[PDB]
*Asks:* 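Here you go, one structure.
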2 protein chains.
Amino acid sequence: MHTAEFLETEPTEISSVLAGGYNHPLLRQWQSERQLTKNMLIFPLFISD
Amino acid sequence: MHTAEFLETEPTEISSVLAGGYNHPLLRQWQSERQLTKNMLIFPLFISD
């Protein structure tokens, strides 16, 4: 019958491995080139006569 | 006697004027390509046996 085929694979190339940089919550913050802060915000006001 | 000499000057070139981008406290924050946050910090610990 139909079984799971697994192909014969080569050793892992280092060039392939990205996962060491984003396996933890703090890392997905280390990965941002800029973080959102309060002073970045600009709020529109619509002023009536 | 010695008085203040002022040279005859040309109209201001727009290319010269940088000051409109950093005349206020909030601007010198808008001018930073990254701001310091707490999660950026890493504290060393020296552990004794």
Side-chain angles (χ1 to χ4, degrees):
Chain A
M1 51 183 234
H2 179 54
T3 66
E5 183 180 9
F6 295 84
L7 297 196
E8 177 108 42
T9 180
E10 283 168 274
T12 304
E13 287 244 55
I14 281 155
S15 65
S16 301
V17 175
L18 297 206
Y22 61 109
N23 48 71
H24 183 277
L26 182 64
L27 289 184
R28 302 191 285 258
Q29 323 197 163
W30 283 17
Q31 290 297 342
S32 96
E33 333 141 86
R34 162 183 305 112
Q35 314 187 30
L36 176 50
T37 57
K38 280 172 170 190
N39 62 200
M40 304 188 164
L41 301 167
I42 305 159
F43 193 41
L45 298 172
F46 298 78
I47 319 266
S48 200
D49 42 8
Chain B
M1 51 183 234
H2 179 54
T3 66
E5 183 180 9
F6 295 84
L7 297 196
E8 177 108 42
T9 180
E10 283 168 274
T12 304
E13 287 244 55
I14 281 155
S15 65
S16 301
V17 175
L18 297 206
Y22 61 109
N23 48 71
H24 183 277
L26 182 64
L27 289 184
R28 302 191 285 258
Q29 323 197 163
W30 283 17
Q31 290 297 342
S32 96
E33 333 141 86
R34 162 183 305 112
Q35 314 187 30
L36 176 50
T37 57
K38 280 172 170 190
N39 62 200
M40 304 188 164
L41 301 167
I42 305 159
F43 193 41
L45 298 172
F46 298 78
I47 319 266
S48 200
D49 42 8

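Naming convention: chains lettered A, B, ... in sequence-line order (proteins, then strands); numbering from 1 in each chain. All values below come from the heavy atoms of this structure, side chains included, with hydrogens, waters and symmetry mates left out.
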*Asks:* Near B:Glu13 CD, under 6.0 Å, is it more than 12 heavy atoms from other residues, nucleotides or ligands?
*Replies:* no
*Asks:* Can you name the nearest heavy-atom pair linking A:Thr37 to A:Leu41, along with the distance?
*Replies:* O-CG, 4.2 Å
*Asks:* Starting at CG of A:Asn23, measure out to CZ of A:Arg28 and round the result to the nearest 0.5 Å.
*Replies:* 8.0 Å
*Asks:* Would you give the length of the straight line joining atom CG of B:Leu36 to atom CD of A:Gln35, rounded to the nearest 0.5 angstrom?
*Replies:* 10.0 Å
*Asks:* What distance do A:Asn39 atom CG and B:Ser32 atom OG have between them, rounded to the nearest 0.5 Å?
*Replies:* 8.0 Å
*Asks:* Under a 4.5 Å side-chain heavy-atom rule over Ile, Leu, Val, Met, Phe, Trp and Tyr, are B:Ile47 and B:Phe43 clustered together?
*Replies:* yes
*Asks:* Compare every heavy atom of B:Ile42 with every heavy atom of B:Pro44, then report the nearest pair and how far apart it is.
*Replies:* CD-O, 3.7 Å
*Asks:* I'd like to check B:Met40 versus B:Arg34 (side-chain heavy atoms, cut-off strictly below 4.5 Å). Are they in contact?
*Replies:* yes
*Asks:* Quick one: CH2 on B:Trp30 to NE2 on B:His24, what's the gap to the nearest 0.5 Å?
*Replies:* 9.5 Å
